Every structure is written in structure tokens, then in C-alpha cells.
Amino acid sequence: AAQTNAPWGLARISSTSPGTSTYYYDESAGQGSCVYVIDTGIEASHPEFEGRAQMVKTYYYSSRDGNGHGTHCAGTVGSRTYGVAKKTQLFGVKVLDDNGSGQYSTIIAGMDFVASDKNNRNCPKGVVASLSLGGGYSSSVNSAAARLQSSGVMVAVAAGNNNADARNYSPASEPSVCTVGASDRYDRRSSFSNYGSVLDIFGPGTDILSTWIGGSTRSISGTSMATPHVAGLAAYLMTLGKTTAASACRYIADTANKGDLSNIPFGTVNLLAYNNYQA
Ligand SMILES: [Ca+2]
Ligand SMILES: [Ca+2]
């Protein structure tokens with residue numbers, strides 16, 4: 001399949017060179033896989049989700065997304081126009097309030113919930129969890145992310161937007177998950193993106209167009225935008241049978257575009273997510 005005039009992030013992950021505008025992908029498009037979006041919620045009624053998204057858990061008064069952050073990330077995962085895996089199933093877990101904040105104890109409970117909730121969902125091709133959040137270092141938050149990964153879920157987390165080493169931020173500093181940095185359309189490291197040895201992969205993160213609340217769209221930037229690219233790619237590869245939840249992060253790094261990025265400090269991987277699609 002080919003999506004012409006696609007968002008630059010989608011075209012980048014289906015090309016070995018920057019500057020293209022077509023997203024090449026296999027028609028399976030992640031059908032049979034499931035992706036939990038642990039964020040501010042999802043506006044599941046948005047036409048771009050085609051009825052494939054639903055809220056399953058909230059830790060506040062409502063399950064509605066009153067911020068837009070979670071709706072934006074979920075659209076990058078699997079919306080029709082702006083998504084990597086255009087046929088996956090989306091589940092929303094609202095651990096952040098409508099201001100974009102949340103306590104660590106609530107974020108931990110959300111991860112434990114996903115580990116248990118997947119056992120009563122029909123996801124024959126596997127389960128992915130996308131965490132576009134984080135804060136200061138916390139061993140308890142790292143441990144919860146390691147538990148979710150150990151339970152059989154491919155966990156992708158944002159590296160952070162501090163332009164610093166991600167080793168002082170959680171859950172980005174947990175080695176067993178997949179920590180995602182951000183890049184721009186010129187194959188440069190995003191000026192805000194964290195770095196360090198704990199990073200596993202880079203994804204498109206600057207000026208990312210996706211869905212928004214009120215049935216609209218808008219373009220925002222952050223490592224919170226790069227993570228759903230990797231989460232969507234994992235569901236796309238797992239549906240194709242290329243990898244499993246336990247080894248998806250390693251397979252993505254093994255098959256990524258290598259050396260294409262600039263302004264990468266020494267000690268940080270120079271790897272860019274890539275789907276290796278050949279018609
Ligand atoms: Ca290249
Ligand atoms: Ca890792």
C-alpha cells in the first residue's frame with residue numbers, strides 16, 4: 001500500500017532517506033494487534049479512529065480526554081490518515097488529568113492494570129503499550145514498567161524533552177523497555193530530545209500532525225510524538241510475524257536506518273525506526 005502526501009513522519013519510517021512524502025506499508029496494517037495508550041485519554045468518537053478505539057479505564061472523574069495529548073498520540077499509533085498501524089485496536093487508559101499531570105502512584109496503577117486487562121482482550125497478534133509521559137527518576141516507576149514488559153507487553157516510553165541524559169528520568173531509564181528519542185524532518189536530533197546510553201531508538205518527533213479533541217487536528221512536537229511511531233511500528237511488525245513482544249525493540253534497532261542522524265552525542269545510538277517495506 002501507499003499513502004500519498006502523508007505526514008513526513010510516516011514517510012520517513014518507510015524510506016531510507018529523508019525528504020519523501022509517500023508512506024509505504026503492508027495492507028495488514030496491524031490488524032489483530034492491540035495498543036494501550038496510557039495518557040490523558042482518547043476521543044474515541046473521532047472519525048479518524050473508525051470505531052477501533054475505546055476507553056477501558058480512567059482514574060479521574062471522567063474518561064473523556066479534556067487535553068488532547070492522548071488523542072494526538074493515539075492518532076499517530078493507528079488513526080486512518082495519521083497512523084502507522086491503520087487497522088490496530090486502540091485502548092485508552094487515562095492516568096493523566098486534563099492538565100497533562102498525574103501522580104506516580106496513579107501511573108503505576110495504570111501499568112499494572114494493562115498487565116492484567118490484556119488477559120481478557122482478543123489480541124491474537126500481540127499487545128503494545130505506549131507511554132508518552134515521564135518525570136524525575138523513581139525506582140518504583142521503573143519497576144512497574146519492567147513488570148508490564150515482563151507480562152508480555154511491548155512497552156515503549158518517551159525519553160524526555162529536557163535535552164539531557166535520560167538516565168535521570170523515569171520510566172525512560174528502565175533498560176528493559178524501549179526508550180524513544182525524537183528527530184526532525186532533516187534527520188537532526190530534536191533540539192529538546194533527551195539522549196544517553198539508555199536510548200534504544202529514534203522516531204519522528206518534531207512538527208507531527210495528528211488527531212486532536214473536538215474532531216480536529218493539529219501539529220505538536222516532543223518525544224511524546226516519537227513514541228507512538230515506535231509503538232505503532234511494533235504492532236505493524238508483530239502482525240506480520242517478524243518479531244514478538246519480548247524482542248520487538250531489539251528487532252527494530254537491528255533493522256533501523258543507521259547513521260542517518262546528526263547532532264547525536266557520543267554514546268547515544270544513531271538508529272532511526274524503519275519498516276523495511278519492499279513492494
Ligand atoms: Ca539513509
Ligand atoms: Ca531498552
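In listed order, ligands and their atoms are each counted from 1. Starting from 1, each residue takes its place in the sequence as its number.
There is no side-chain donor-acceptor pair under 3.5 Å between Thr227 and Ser130. Side-chain polar atoms of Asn142 and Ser173 form a donor-acceptor pair below 3.5 angstrom. Inspection of the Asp65 and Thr40 side chains reveals an N or O donor paired with an N or O acceptor under 3.5 Å.
Among the atoms of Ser17, no N, O or S atom is found under 3.0 Å from the Ca ion (ligand 1). Among the backbone and side-chain atoms of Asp260, an N/O/S atom is found under 3.0 Å from the Ca ion (ligand 1). Here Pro175 meets the criterion, with an N, O or S atom under 3.0 Å of the Ca ion (ligand 2). For residue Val177, an N/O/S atom approaches the Ca ion (ligand 2) to within less than 3.0 Å. Put simply, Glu174 stays out of reach of the Ca ion (ligand 2), with no N, O or S atom under 3.0 Å from it.
Each of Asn194, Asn163, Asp184 was compared with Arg189 under the side-chain hydrogen bond (donor to acceptor under 3.5 Å, both in side chains) criterion, and only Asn163 meets it.
By the 4.0 Å N-to-carboxylate-O rule, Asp260 lies close enough to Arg12 to be salt-bridged with it.
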